[PDB]
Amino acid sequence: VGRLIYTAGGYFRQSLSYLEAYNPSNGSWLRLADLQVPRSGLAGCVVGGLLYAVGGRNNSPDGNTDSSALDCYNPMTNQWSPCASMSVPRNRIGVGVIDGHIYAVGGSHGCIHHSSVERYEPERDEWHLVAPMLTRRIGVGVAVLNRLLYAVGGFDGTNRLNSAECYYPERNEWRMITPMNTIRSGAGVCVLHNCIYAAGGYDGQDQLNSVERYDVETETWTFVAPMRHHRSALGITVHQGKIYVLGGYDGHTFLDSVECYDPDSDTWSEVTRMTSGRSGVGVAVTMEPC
């Protein structure tokens, strides 16, 4: 089975429409069908083998347009198809999937910082609002573990956050969890084994290379080995037991570097580089095209 790491959108000089896929097995990259509308600050996810691009904002030379769009990419056809749009535009959004349903979390609309959250049902092609977070969060990292949704860090409109919370579906309720050891907005958040990882981000002073993980059983946050490159607004995903971080901004350039974290050895390594440096991409894993 040839599953690839897909990266959609992003930013460099302006928001981008690129859709490219990386194959860890042979190190090759493929440029696929461009997004219908350029966008950065979006989030990506996969359901039923289909790739979804959610929210973001088109920061172009002529303006800034926050997106409420949900678009679907089918590897079998290499075509994008529009889906029902969200209730509100959500730039610097966080996304997570629970039992085939897409959760859109926080994000911004102009100067508005959302605490609202909504859930998408693919087969029915409908969005519905669920309980809002206890905190307004943009640049929020989201991940799912054991059918529970976690919203980590971000910016509430006034301060960057080290706080995090969890959503319990059966009770449509959010509960704060132990806060991170570091304030992080724009971090990459994913799940590996039984922990929620938060990598990189911005603490208000510098882009970060530190990485910490939350044990959902012990409720503690522990630092692991730091990435080689400090990065914020990075893309992140997990493939075959390892974490992959893609691009981001390090306060100097838009990174094209892609690092891989091996939990067994607690080490990061440079595995490849994107075709061009960029930040604010959406990332997910699914079957190769054709």
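Position 1 is the first residue in the sequence shown; the rest follow in order.
As recorded in the PDB entry, 76-84 is the stretch of 173-181 and 76-84 with the greater mean C-alpha temperature factor. In this entry, 22-30 shows the higher mean Cα temperature factor of the pair 236-244 and 22-30. Looking only at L255, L42, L70, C45, the residue with the top Cα B factor in the deposited structure is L255.
Ranked by Cα temperature factor within the chain, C260 sits in the middle third according to the deposited record. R90: CA B factor lies in the lowest third for its chain, per the PDB record. In this PDB entry, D215 carries a Cα temperature factor that places it within the middle third of its chain's modelled residues.
Annotation for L51: C-alpha temperature factor in the middle third relative to the rest of the modelled chain, per the entry. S108: CA B factor in the lowest third of modelled residues in this chain (values from the PDB entry).
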